[PDB]
$ cat my_file16.txt   # compact mmCIF, N, CA and C atoms
# COMPACT_ATOMS: atom_id res chain seq x y z
N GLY A 1050 0.82 -1.20 0.00
CA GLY A 1050 0.00 0.00 0.00
C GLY A 1050 0.86 1.25 0.00
N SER A 1051 0.22 2.40 -0.25
CA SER A 1051 0.89 3.70 -0.22
C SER A 1051 1.00 4.21 1.22
N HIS A 1052 1.12 3.26 2.15
CA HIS A 1052 1.54 3.46 3.54
C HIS A 1052 3.07 3.63 3.63
N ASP A 1053 3.54 4.46 4.56
CA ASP A 1053 4.96 4.46 4.89
C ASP A 1053 5.21 3.45 6.00
N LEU A 1054 5.42 2.20 5.60
CA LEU A 1054 5.42 1.08 6.52
C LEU A 1054 6.70 0.96 7.34
N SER A 1055 7.61 1.91 7.17
CA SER A 1055 8.85 1.94 7.93
C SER A 1055 8.62 2.58 9.28
N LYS A 1056 7.45 3.19 9.42
CA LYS A 1056 7.04 3.85 10.64
C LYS A 1056 6.49 2.85 11.65
N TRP A 1057 6.13 1.66 11.17
CA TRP A 1057 5.42 0.68 12.00
C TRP A 1057 6.34 -0.03 12.97
N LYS A 1058 5.81 -0.40 14.13
CA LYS A 1058 6.58 -1.17 15.11
C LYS A 1058 6.57 -2.63 14.70
N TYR A 1059 7.50 -3.44 15.22
CA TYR A 1059 7.55 -4.85 14.82
C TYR A 1059 6.26 -5.56 15.24
N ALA A 1060 5.77 -5.27 16.43
CA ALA A 1060 4.47 -5.78 16.85
C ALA A 1060 3.44 -5.52 15.77
N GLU A 1061 3.27 -4.23 15.45
CA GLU A 1061 2.34 -3.73 14.44
C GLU A 1061 2.29 -4.61 13.19
N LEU A 1062 3.45 -4.81 12.58
CA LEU A 1062 3.57 -5.64 11.39
C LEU A 1062 3.03 -7.04 11.65
N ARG A 1063 3.63 -7.77 12.59
CA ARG A 1063 3.26 -9.17 12.86
C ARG A 1063 1.76 -9.31 13.11
N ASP A 1064 1.20 -8.34 13.82
CA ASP A 1064 -0.22 -8.35 14.13
C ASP A 1064 -1.09 -8.22 12.89
N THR A 1065 -0.92 -7.16 12.10
CA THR A 1065 -1.73 -7.01 10.89
C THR A 1065 -1.48 -8.14 9.91
N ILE A 1066 -0.35 -8.84 10.04
CA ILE A 1066 -0.09 -9.97 9.17
C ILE A 1066 -1.11 -11.08 9.41
N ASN A 1067 -1.23 -11.56 10.65
CA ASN A 1067 -2.22 -12.61 10.91
C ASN A 1067 -3.54 -12.09 11.46
N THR A 1068 -3.99 -10.95 10.95
CA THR A 1068 -5.29 -10.41 11.33
C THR A 1068 -6.01 -9.90 10.09
N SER A 1069 -5.30 -9.11 9.30
CA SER A 1069 -5.88 -8.46 8.13
C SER A 1069 -6.26 -9.48 7.08
N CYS A 1070 -7.31 -9.17 6.34
CA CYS A 1070 -7.74 -9.99 5.23
C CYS A 1070 -7.52 -9.20 3.94
N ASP A 1071 -6.90 -8.03 4.10
CA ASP A 1071 -6.46 -7.19 2.98
C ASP A 1071 -5.19 -7.76 2.37
N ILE A 1072 -5.33 -8.36 1.20
CA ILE A 1072 -4.21 -9.06 0.58
C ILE A 1072 -3.07 -8.13 0.20
N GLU A 1073 -3.41 -6.91 -0.21
CA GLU A 1073 -2.40 -5.93 -0.62
C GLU A 1073 -1.54 -5.51 0.57
N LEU A 1074 -2.22 -5.17 1.67
CA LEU A 1074 -1.59 -4.75 2.92
C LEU A 1074 -0.76 -5.88 3.49
N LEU A 1075 -1.24 -7.09 3.26
CA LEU A 1075 -0.61 -8.28 3.76
C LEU A 1075 0.78 -8.42 3.19
N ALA A 1076 0.84 -8.37 1.86
CA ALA A 1076 2.09 -8.58 1.15
C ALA A 1076 3.05 -7.46 1.48
N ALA A 1077 2.49 -6.27 1.69
CA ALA A 1077 3.26 -5.09 2.04
C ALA A 1077 3.91 -5.20 3.42
N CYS A 1078 3.18 -5.77 4.38
CA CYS A 1078 3.70 -5.94 5.73
C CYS A 1078 4.68 -7.08 5.77
N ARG A 1079 4.35 -8.14 5.05
CA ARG A 1079 5.24 -9.29 4.93
C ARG A 1079 6.59 -8.85 4.32
N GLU A 1080 6.54 -7.91 3.39
CA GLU A 1080 7.75 -7.39 2.77
C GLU A 1080 8.56 -6.52 3.73
N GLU A 1081 7.91 -5.59 4.41
CA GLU A 1081 8.60 -4.76 5.41
C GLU A 1081 9.26 -5.62 6.47
N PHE A 1082 8.49 -6.58 6.99
CA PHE A 1082 8.97 -7.49 8.02
C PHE A 1082 10.26 -8.15 7.54
N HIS A 1083 10.28 -8.45 6.24
CA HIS A 1083 11.45 -9.04 5.60
C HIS A 1083 12.60 -8.05 5.49
N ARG A 1084 12.29 -6.86 5.00
CA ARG A 1084 13.29 -5.85 4.74
C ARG A 1084 14.21 -5.65 5.93
N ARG A 1085 13.58 -5.52 7.09
CA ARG A 1085 14.28 -5.14 8.30
C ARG A 1085 15.23 -6.23 8.74
N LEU A 1086 14.84 -7.48 8.50
CA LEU A 1086 15.69 -8.62 8.83
C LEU A 1086 16.81 -8.80 7.82
N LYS A 1087 16.50 -8.46 6.57
CA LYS A 1087 17.46 -8.50 5.48
C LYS A 1087 18.57 -7.50 5.74
N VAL A 1088 18.16 -6.30 6.16
CA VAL A 1088 19.09 -5.22 6.48
C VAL A 1088 19.92 -5.56 7.71
N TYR A 1089 19.30 -6.24 8.68
CA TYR A 1089 20.02 -6.67 9.87
C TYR A 1089 21.01 -7.76 9.53
N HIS A 1090 20.65 -8.59 8.55
CA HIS A 1090 21.58 -9.60 8.07
C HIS A 1090 22.83 -8.96 7.48
N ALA A 1091 22.63 -7.92 6.68
CA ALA A 1091 23.73 -7.22 6.03
C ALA A 1091 24.64 -6.53 7.04
N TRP A 1092 24.07 -6.05 8.14
CA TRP A 1092 24.86 -5.40 9.19
C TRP A 1092 25.64 -6.42 10.00
N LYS A 1093 25.02 -7.56 10.29
CA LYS A 1093 25.65 -8.58 11.13
C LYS A 1093 26.93 -9.12 10.49
N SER A 1094 26.82 -9.53 9.22
CA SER A 1094 27.91 -10.18 8.50
C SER A 1094 29.13 -9.28 8.30
N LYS A 1095 28.92 -7.97 8.43
CA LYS A 1095 30.00 -6.99 8.29
C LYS A 1095 30.67 -6.71 9.64
N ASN A 1096 29.87 -6.57 10.68
CA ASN A 1096 30.39 -6.33 12.02
C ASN A 1096 29.75 -7.25 13.05
N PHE B 260 26.46 4.80 33.65
CA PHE B 260 25.71 5.38 32.55
C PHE B 260 25.45 4.39 31.43
N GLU B 261 26.51 4.09 30.67
CA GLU B 261 26.39 3.43 29.36
C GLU B 261 25.64 2.09 29.37
N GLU B 262 25.86 1.29 30.41
CA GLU B 262 25.24 -0.02 30.49
C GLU B 262 23.72 0.08 30.54
N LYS B 263 23.19 1.01 31.33
CA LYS B 263 21.75 1.16 31.43
C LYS B 263 21.18 1.76 30.15
N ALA B 264 21.98 2.61 29.52
CA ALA B 264 21.61 3.20 28.25
C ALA B 264 21.43 2.13 27.18
N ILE B 265 22.40 1.22 27.06
CA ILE B 265 22.31 0.14 26.07
C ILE B 265 21.04 -0.70 26.20
N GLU B 266 20.68 -1.04 27.43
CA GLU B 266 19.47 -1.81 27.67
C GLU B 266 18.26 -1.07 27.12
N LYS B 267 18.05 0.15 27.60
CA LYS B 267 16.92 0.97 27.18
C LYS B 267 16.81 1.02 25.65
N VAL B 268 17.96 1.08 24.98
CA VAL B 268 18.02 1.19 23.53
C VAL B 268 17.79 -0.16 22.85
N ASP B 269 18.40 -1.20 23.40
CA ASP B 269 18.27 -2.54 22.84
C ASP B 269 16.83 -3.02 22.89
N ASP B 270 16.12 -2.64 23.95
CA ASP B 270 14.70 -2.91 24.04
C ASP B 270 13.96 -2.20 22.90
N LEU B 271 14.39 -0.99 22.58
CA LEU B 271 13.79 -0.24 21.49
C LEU B 271 14.11 -0.89 20.16
N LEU B 272 15.23 -1.60 20.10
CA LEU B 272 15.59 -2.37 18.91
C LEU B 272 14.61 -3.51 18.70
N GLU B 273 14.48 -4.34 19.74
CA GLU B 273 13.61 -5.50 19.72
C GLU B 273 12.21 -5.13 19.31
N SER B 274 11.75 -3.97 19.78
CA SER B 274 10.37 -3.55 19.57
C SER B 274 10.18 -2.96 18.18
N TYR B 275 11.29 -2.77 17.47
CA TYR B 275 11.28 -2.24 16.11
C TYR B 275 11.48 -3.33 15.08
N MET B 276 12.47 -4.17 15.35
CA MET B 276 13.03 -5.06 14.35
C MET B 276 12.71 -6.50 14.67
N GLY B 277 12.38 -6.77 15.93
CA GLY B 277 12.05 -8.11 16.37
C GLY B 277 13.25 -8.86 16.88
N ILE B 278 14.44 -8.41 16.50
CA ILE B 278 15.67 -9.03 16.97
C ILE B 278 16.29 -8.17 18.06
N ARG B 279 17.35 -8.69 18.67
CA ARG B 279 17.98 -8.02 19.80
C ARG B 279 19.49 -8.09 19.64
N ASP B 280 20.18 -7.02 19.97
CA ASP B 280 21.63 -6.97 19.78
C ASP B 280 22.28 -5.90 20.65
N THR B 281 22.88 -6.34 21.75
CA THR B 281 23.51 -5.42 22.69
C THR B 281 24.69 -4.70 22.04
N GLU B 282 25.19 -5.24 20.94
CA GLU B 282 26.26 -4.56 20.20
C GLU B 282 25.71 -3.44 19.32
N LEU B 283 24.82 -3.79 18.40
CA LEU B 283 24.20 -2.78 17.55
C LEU B 283 23.60 -1.68 18.39
N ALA B 284 22.96 -2.05 19.49
CA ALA B 284 22.36 -1.06 20.39
C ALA B 284 23.44 -0.17 20.99
N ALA B 285 24.58 -0.75 21.34
CA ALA B 285 25.67 0.01 21.94
C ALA B 285 26.33 0.93 20.91
N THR B 286 26.36 0.50 19.65
CA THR B 286 26.84 1.37 18.58
C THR B 286 26.05 2.66 18.59
N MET B 287 24.74 2.52 18.74
CA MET B 287 23.82 3.65 18.74
C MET B 287 23.94 4.51 19.99
N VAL B 288 24.13 3.89 21.15
CA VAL B 288 24.35 4.68 22.36
C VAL B 288 25.58 5.54 22.17
N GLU B 289 26.66 4.92 21.70
CA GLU B 289 27.95 5.59 21.55
C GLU B 289 27.87 6.71 20.52
N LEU B 290 27.17 6.42 19.43
CA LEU B 290 26.93 7.39 18.36
C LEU B 290 26.33 8.69 18.86
N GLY B 291 25.24 8.59 19.61
CA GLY B 291 24.48 9.77 19.96
C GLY B 291 24.55 10.23 21.40
N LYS B 292 25.47 9.69 22.19
CA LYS B 292 25.52 10.03 23.61
C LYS B 292 25.81 11.51 23.79
N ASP B 293 26.76 12.02 22.99
CA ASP B 293 27.23 13.40 23.09
C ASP B 293 26.69 14.31 21.98
N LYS B 294 25.43 14.15 21.61
CA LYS B 294 24.79 15.06 20.65
C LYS B 294 23.89 16.02 21.38
N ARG B 295 23.26 16.92 20.65
CA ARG B 295 22.57 18.03 21.28
C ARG B 295 21.09 18.11 20.90
N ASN B 296 20.70 17.30 19.92
CA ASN B 296 19.31 17.18 19.50
C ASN B 296 19.13 15.91 18.64
N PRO B 297 17.88 15.41 18.52
CA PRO B 297 17.56 14.16 17.82
C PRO B 297 17.94 14.16 16.35
N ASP B 298 18.19 15.34 15.80
CA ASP B 298 18.58 15.42 14.41
C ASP B 298 20.04 15.09 14.28
N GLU B 299 20.87 15.65 15.15
CA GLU B 299 22.28 15.29 15.15
C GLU B 299 22.43 13.76 15.31
N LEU B 300 21.62 13.17 16.18
CA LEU B 300 21.63 11.71 16.37
C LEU B 300 21.27 11.01 15.07
N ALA B 301 20.28 11.56 14.38
CA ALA B 301 19.76 10.99 13.15
C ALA B 301 20.84 11.00 12.07
N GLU B 302 21.53 12.12 11.96
CA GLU B 302 22.58 12.32 10.97
C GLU B 302 23.72 11.31 11.17
N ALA B 303 24.01 10.98 12.42
CA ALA B 303 25.09 10.04 12.71
C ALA B 303 24.64 8.60 12.48
N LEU B 304 23.39 8.31 12.81
CA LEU B 304 22.83 6.99 12.55
C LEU B 304 22.83 6.73 11.05
N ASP B 305 22.52 7.77 10.28
CA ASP B 305 22.47 7.66 8.82
C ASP B 305 23.83 7.33 8.21
N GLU B 306 24.89 7.77 8.86
CA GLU B 306 26.25 7.49 8.39
C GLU B 306 26.49 5.99 8.21
N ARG B 307 26.46 5.26 9.32
CA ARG B 307 26.76 3.84 9.29
C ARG B 307 25.51 2.99 9.05
N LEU B 308 24.56 3.08 9.98
CA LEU B 308 23.37 2.23 9.99
C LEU B 308 22.27 2.80 9.12
N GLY B 309 22.67 3.43 8.02
CA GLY B 309 21.71 4.14 7.19
C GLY B 309 20.61 3.28 6.62
N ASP B 310 20.95 2.05 6.24
CA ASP B 310 20.03 1.21 5.49
C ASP B 310 18.81 0.71 6.28
N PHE B 311 18.83 0.91 7.59
CA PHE B 311 17.72 0.47 8.42
C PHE B 311 16.46 1.29 8.18
N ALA B 312 16.65 2.54 7.77
CA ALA B 312 15.55 3.46 7.51
C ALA B 312 14.80 3.75 8.78
N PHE B 313 15.54 3.84 9.89
CA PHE B 313 14.97 4.11 11.20
C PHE B 313 14.00 5.29 11.17
N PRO B 314 12.76 5.06 11.59
CA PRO B 314 11.75 6.11 11.62
C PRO B 314 12.02 7.17 12.68
N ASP B 315 11.45 8.36 12.50
CA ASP B 315 11.67 9.47 13.42
C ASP B 315 11.31 9.12 14.85
N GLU B 316 10.21 8.40 15.01
CA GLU B 316 9.76 8.06 16.35
C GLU B 316 10.77 7.18 17.06
N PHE B 317 11.43 6.32 16.29
CA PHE B 317 12.51 5.49 16.81
C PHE B 317 13.67 6.36 17.28
N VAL B 318 14.07 7.30 16.42
CA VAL B 318 15.21 8.18 16.66
C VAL B 318 14.91 9.11 17.81
N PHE B 319 13.62 9.29 18.09
CA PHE B 319 13.18 10.08 19.23
C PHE B 319 13.33 9.28 20.53
N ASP B 320 12.89 8.03 20.49
CA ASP B 320 12.87 7.16 21.65
C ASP B 320 14.28 6.83 22.10
N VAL B 321 15.19 6.73 21.12
CA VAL B 321 16.60 6.52 21.38
C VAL B 321 17.24 7.79 21.95
N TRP B 322 16.85 8.94 21.40
CA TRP B 322 17.30 10.22 21.95
C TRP B 322 16.80 10.32 23.38
N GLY B 323 15.53 10.01 23.55
CA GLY B 323 14.92 10.02 24.86
C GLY B 323 15.59 9.06 25.82
N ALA B 324 15.76 7.81 25.38
CA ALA B 324 16.36 6.77 26.22
C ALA B 324 17.76 7.13 26.72
N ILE B 325 18.64 7.52 25.81
CA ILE B 325 20.02 7.89 26.15
C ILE B 325 20.04 9.08 27.10
N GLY B 326 19.05 9.96 26.95
CA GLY B 326 18.94 11.11 27.82
C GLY B 326 18.64 10.66 29.24
N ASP B 327 17.74 9.70 29.36
CA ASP B 327 17.32 9.18 30.65
C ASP B 327 18.47 8.52 31.40
N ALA B 328 19.43 7.99 30.65
CA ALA B 328 20.56 7.29 31.26
C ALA B 328 21.54 8.25 31.96
N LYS B 329 21.79 9.42 31.38
CA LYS B 329 22.68 10.39 32.02
C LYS B 329 22.05 10.98 33.29
N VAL B 330 20.72 10.95 33.35
CA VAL B 330 19.95 11.49 34.48
C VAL B 330 19.88 10.51 35.67
N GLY B 331 19.69 9.23 35.36
CA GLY B 331 19.57 8.21 36.39
C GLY B 331 18.20 7.56 36.40
N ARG B 332 17.42 7.85 35.36
CA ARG B 332 16.07 7.32 35.25
C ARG B 332 16.06 5.82 34.93
N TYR B 333 16.38 5.01 35.94
CA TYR B 333 16.36 3.55 35.80
C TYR B 333 15.99 2.88 37.11
$ encode --input "my_file16.txt" --output "structure tokens"
Amino acid sequence: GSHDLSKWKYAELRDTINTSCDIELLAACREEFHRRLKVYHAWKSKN
Amino acid sequence: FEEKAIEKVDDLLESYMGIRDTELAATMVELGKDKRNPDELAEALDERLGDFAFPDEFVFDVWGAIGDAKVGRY
């Protein structure tokens, strides 16, 4: 969605994931949830 | 100071990202301990940990948290 989903708390994401029936919002939250872990992966392997 | 600061911040990490890291959190404490406003903190976070896209409210809570540590709010 045209939400700025970087503003959301980790709780927020996980919750709307297994609550919402909005498929668009779903994929969007699932992606954000991913992004943050992907970025943390990139930081870990460097330092 | 610093030890209680890291905790307060690492908790803010967990609540943002779902993971926990006393190191990454300490990087952030060290980064912004001696700044003068949340923007200076933001500018320094952007240097190294830029890719996280840390939201303003996060950068506020970290500014807030580190502030509380120099005071004794624990």
$ interface_residues --input "my_file16.txt" --of "chain B" --to "chain A" --cutoff "6.5 Å" --atoms "all atoms listed in the file" --output "PyMOL selection string"
chain B and resi 273-277+310-314
$ residues_around --input "my_file16.txt" --residues "residue A:1050" --least-positions-apart "6" --cutoff "6 Å" --atoms "only N, CA and C atoms" --output "MDAnalysis selection string"
chainID A and resid 1073:1074 1077
$ atom_distance --input "my_file16.txt" --atom1 "atom N of residue B:303" --atom2 "atom N of residue B:317"
14.0 Å
$ atom_distance --input "my_file16.txt" --atom1 "atom CA of residue B:309" --atom2 "atom CA of residue B:332"
28.8 Å
$ atom_distance --input "my_file16.txt" --atom1 "atom CA of residue B:292" --atom2 "atom CA of residue B:265"
10.7 Å
$ decode --input "my_file16.txt" --residues "stretch 1052-1094 of chain A" --atoms "N, CA and C atoms" --output "PDB file, in the first residue's frame"
ATOM      1  N   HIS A1052       1.122   3.256   2.146  1.00  0.00           N
ATOM      2  CA  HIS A1052       1.543   3.462   3.536  1.00  0.00           C
ATOM      3  C   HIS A1052       3.068   3.630   3.629  1.00  0.00           C
ATOM      4  N   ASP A1053       3.538   4.457   4.563  1.00  0.00           N
ATOM      5  CA  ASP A1053       4.962   4.458   4.889  1.00  0.00           C
ATOM      6  C   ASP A1053       5.211   3.448   6.003  1.00  0.00           C
ATOM      7  N   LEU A1054       5.417   2.202   5.600  1.00  0.00           N
ATOM      8  CA  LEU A1054       5.423   1.081   6.520  1.00  0.00           C
ATOM      9  C   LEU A1054       6.699   0.958   7.342  1.00  0.00           C
ATOM     10  N   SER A1055       7.606   1.908   7.170  1.00  0.00           N
ATOM     11  CA  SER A1055       8.850   1.939   7.932  1.00  0.00           C
ATOM     12  C   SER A1055       8.617   2.585   9.279  1.00  0.00           C
ATOM     13  N   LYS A1056       7.445   3.191   9.416  1.00  0.00           N
ATOM     14  CA  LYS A1056       7.036   3.852  10.636  1.00  0.00           C
ATOM     15  C   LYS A1056       6.492   2.846  11.650  1.00  0.00           C
ATOM     16  N   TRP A1057       6.131   1.658  11.172  1.00  0.00           N
ATOM     17  CA  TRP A1057       5.417   0.685  11.997  1.00  0.00           C
ATOM     18  C   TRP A1057       6.342  -0.034  12.965  1.00  0.00           C
ATOM     19  N   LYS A1058       5.814  -0.399  14.132  1.00  0.00           N
ATOM     20  CA  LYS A1058       6.576  -1.169  15.112  1.00  0.00           C
ATOM     21  C   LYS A1058       6.574  -2.633  14.697  1.00  0.00           C
ATOM     22  N   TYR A1059       7.500  -3.437  15.216  1.00  0.00           N
ATOM     23  CA  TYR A1059       7.550  -4.850  14.821  1.00  0.00           C
ATOM     24  C   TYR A1059       6.264  -5.562  15.238  1.00  0.00           C
ATOM     25  N   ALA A1060       5.768  -5.270  16.434  1.00  0.00           N
ATOM     26  CA  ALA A1060       4.473  -5.783  16.853  1.00  0.00           C
ATOM     27  C   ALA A1060       3.443  -5.518  15.765  1.00  0.00           C
ATOM     28  N   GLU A1061       3.272  -4.233  15.449  1.00  0.00           N
ATOM     29  CA  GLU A1061       2.335  -3.732  14.435  1.00  0.00           C
ATOM     30  C   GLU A1061       2.291  -4.608  13.192  1.00  0.00           C
ATOM     31  N   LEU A1062       3.453  -4.808  12.579  1.00  0.00           N
ATOM     32  CA  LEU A1062       3.572  -5.643  11.393  1.00  0.00           C
ATOM     33  C   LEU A1062       3.031  -7.041  11.645  1.00  0.00           C
ATOM     34  N   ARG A1063       3.629  -7.771  12.592  1.00  0.00           N
ATOM     35  CA  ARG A1063       3.256  -9.169  12.858  1.00  0.00           C
ATOM     36  C   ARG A1063       1.762  -9.306  13.105  1.00  0.00           C
ATOM     37  N   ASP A1064       1.204  -8.335  13.823  1.00  0.00           N
ATOM     38  CA  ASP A1064      -0.219  -8.349  14.134  1.00  0.00           C
ATOM     39  C   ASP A1064      -1.093  -8.223  12.886  1.00  0.00           C
ATOM     40  N   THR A1065      -0.919  -7.163  12.098  1.00  0.00           N
ATOM     41  CA  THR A1065      -1.730  -7.012  10.890  1.00  0.00           C
ATOM     42  C   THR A1065      -1.476  -8.145   9.910  1.00  0.00           C
ATOM     43  N   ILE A1066      -0.350  -8.837  10.042  1.00  0.00           N
ATOM     44  CA  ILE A1066      -0.089  -9.973   9.165  1.00  0.00           C
ATOM     45  C   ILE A1066      -1.113 -11.076   9.409  1.00  0.00           C
ATOM     46  N   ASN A1067      -1.233 -11.558  10.646  1.00  0.00           N
ATOM     47  CA  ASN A1067      -2.216 -12.607  10.908  1.00  0.00           C
ATOM     48  C   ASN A1067      -3.541 -12.092  11.461  1.00  0.00           C
ATOM     49  N   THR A1068      -3.992 -10.950  10.954  1.00  0.00           N
ATOM     50  CA  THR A1068      -5.294 -10.407  11.325  1.00  0.00           C
ATOM     51  C   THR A1068      -6.013  -9.895  10.094  1.00  0.00           C
ATOM     52  N   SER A1069      -5.300  -9.107   9.302  1.00  0.00           N
ATOM     53  CA  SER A1069      -5.877  -8.460   8.133  1.00  0.00           C
ATOM     54  C   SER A1069      -6.255  -9.483   7.077  1.00  0.00           C
ATOM     55  N   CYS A1070      -7.311  -9.169   6.337  1.00  0.00           N
ATOM     56  CA  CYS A1070      -7.737  -9.993   5.227  1.00  0.00           C
ATOM     57  C   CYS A1070      -7.523  -9.196   3.945  1.00  0.00           C
ATOM     58  N   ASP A1071      -6.905  -8.029   4.101  1.00  0.00           N
ATOM     59  CA  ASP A1071      -6.464  -7.195   2.977  1.00  0.00           C
ATOM     60  C   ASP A1071      -5.192  -7.759   2.366  1.00  0.00           C
ATOM     61  N   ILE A1072      -5.325  -8.365   1.199  1.00  0.00           N
ATOM     62  CA  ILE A1072      -4.209  -9.063   0.585  1.00  0.00           C
ATOM     63  C   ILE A1072      -3.069  -8.128   0.203  1.00  0.00           C
ATOM     64  N   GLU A1073      -3.406  -6.907  -0.214  1.00  0.00           N
ATOM     65  CA  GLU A1073      -2.396  -5.931  -0.622  1.00  0.00           C
ATOM     66  C   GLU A1073      -1.540  -5.513   0.575  1.00  0.00           C
ATOM     67  N   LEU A1074      -2.224  -5.170   1.667  1.00  0.00           N
ATOM     68  CA  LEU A1074      -1.593  -4.754   2.915  1.00  0.00           C
ATOM     69  C   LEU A1074      -0.764  -5.877   3.488  1.00  0.00           C
ATOM     70  N   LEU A1075      -1.244  -7.087   3.257  1.00  0.00           N
ATOM     71  CA  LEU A1075      -0.607  -8.277   3.763  1.00  0.00           C
ATOM     72  C   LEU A1075       0.777  -8.420   3.186  1.00  0.00           C
ATOM     73  N   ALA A1076       0.841  -8.374   1.861  1.00  0.00           N
ATOM     74  CA  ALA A1076       2.089  -8.583   1.148  1.00  0.00           C
ATOM     75  C   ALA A1076       3.052  -7.457   1.479  1.00  0.00           C
ATOM     76  N   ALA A1077       2.487  -6.273   1.688  1.00  0.00           N
ATOM     77  CA  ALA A1077       3.262  -5.092   2.038  1.00  0.00           C
ATOM     78  C   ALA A1077       3.906  -5.199   3.424  1.00  0.00           C
ATOM     79  N   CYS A1078       3.176  -5.770   4.379  1.00  0.00           N
ATOM     80  CA  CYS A1078       3.696  -5.938   5.727  1.00  0.00           C
ATOM     81  C   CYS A1078       4.676  -7.084   5.773  1.00  0.00           C
ATOM     82  N   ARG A1079       4.354  -8.144   5.047  1.00  0.00           N
ATOM     83  CA  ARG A1079       5.239  -9.289   4.927  1.00  0.00           C
ATOM     84  C   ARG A1079       6.594  -8.851   4.321  1.00  0.00           C
ATOM     85  N   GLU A1080       6.543  -7.908   3.386  1.00  0.00           N
ATOM     86  CA  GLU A1080       7.755  -7.385   2.768  1.00  0.00           C
ATOM     87  C   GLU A1080       8.564  -6.521   3.734  1.00  0.00           C
ATOM     88  N   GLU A1081       7.909  -5.587   4.411  1.00  0.00           N
ATOM     89  CA  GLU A1081       8.596  -4.765   5.406  1.00  0.00           C
ATOM     90  C   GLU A1081       9.261  -5.622   6.466  1.00  0.00           C
ATOM     91  N   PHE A1082       8.495  -6.579   6.986  1.00  0.00           N
ATOM     92  CA  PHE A1082       8.974  -7.493   8.015  1.00  0.00           C
ATOM     93  C   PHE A1082      10.255  -8.153   7.538  1.00  0.00           C
ATOM     94  N   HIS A1083      10.280  -8.454   6.240  1.00  0.00           N
ATOM     95  CA  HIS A1083      11.451  -9.037   5.602  1.00  0.00           C
ATOM     96  C   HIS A1083      12.602  -8.054   5.488  1.00  0.00           C
ATOM     97  N   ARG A1084      12.286  -6.860   5.002  1.00  0.00           N
ATOM     98  CA  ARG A1084      13.290  -5.846   4.738  1.00  0.00           C
ATOM     99  C   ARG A1084      14.206  -5.651   5.932  1.00  0.00           C
ATOM    100  N   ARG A1085      13.581  -5.522   7.095  1.00  0.00           N
ATOM    101  CA  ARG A1085      14.283  -5.142   8.303  1.00  0.00           C
ATOM    102  C   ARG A1085      15.231  -6.232   8.743  1.00  0.00           C
ATOM    103  N   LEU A1086      14.843  -7.479   8.502  1.00  0.00           N
ATOM    104  CA  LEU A1086      15.688  -8.624   8.833  1.00  0.00           C
ATOM    105  C   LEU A1086      16.808  -8.803   7.815  1.00  0.00           C
ATOM    106  N   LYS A1087      16.496  -8.460   6.570  1.00  0.00           N
ATOM    107  CA  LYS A1087      17.458  -8.501   5.475  1.00  0.00           C
ATOM    108  C   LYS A1087      18.567  -7.498   5.740  1.00  0.00           C
ATOM    109  N   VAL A1088      18.161  -6.300   6.160  1.00  0.00           N
ATOM    110  CA  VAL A1088      19.088  -5.223   6.477  1.00  0.00           C
ATOM    111  C   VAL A1088      19.915  -5.565   7.712  1.00  0.00           C
ATOM    112  N   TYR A1089      19.299  -6.243   8.676  1.00  0.00           N
ATOM    113  CA  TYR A1089      20.016  -6.669   9.869  1.00  0.00           C
ATOM    114  C   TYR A1089      21.008  -7.765   9.531  1.00  0.00           C
ATOM    115  N   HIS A1090      20.653  -8.591   8.554  1.00  0.00           N
ATOM    116  CA  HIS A1090      21.577  -9.605   8.066  1.00  0.00           C
ATOM    117  C   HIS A1090      22.833  -8.964   7.481  1.00  0.00           C
ATOM    118  N   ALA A1091      22.633  -7.921   6.676  1.00  0.00           N
ATOM    119  CA  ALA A1091      23.731  -7.216   6.029  1.00  0.00           C
ATOM    120  C   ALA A1091      24.644  -6.535   7.041  1.00  0.00           C
ATOM    121  N   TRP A1092      24.073  -6.046   8.138  1.00  0.00           N
ATOM    122  CA  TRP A1092      24.864  -5.404   9.185  1.00  0.00           C
ATOM    123  C   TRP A1092      25.644  -6.422  10.002  1.00  0.00           C
ATOM    124  N   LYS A1093      25.020  -7.563  10.293  1.00  0.00           N
ATOM    125  CA  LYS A1093      25.647  -8.584  11.134  1.00  0.00           C
ATOM    126  C   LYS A1093      26.925  -9.122  10.486  1.00  0.00           C
ATOM    127  N   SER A1094      26.818  -9.532   9.224  1.00  0.00           N
ATOM    128  CA  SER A1094      27.912 -10.178   8.499  1.00  0.00           C
ATOM    129  C   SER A1094      29.129  -9.280   8.295  1.00  0.00           C
TER     130      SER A1094
END
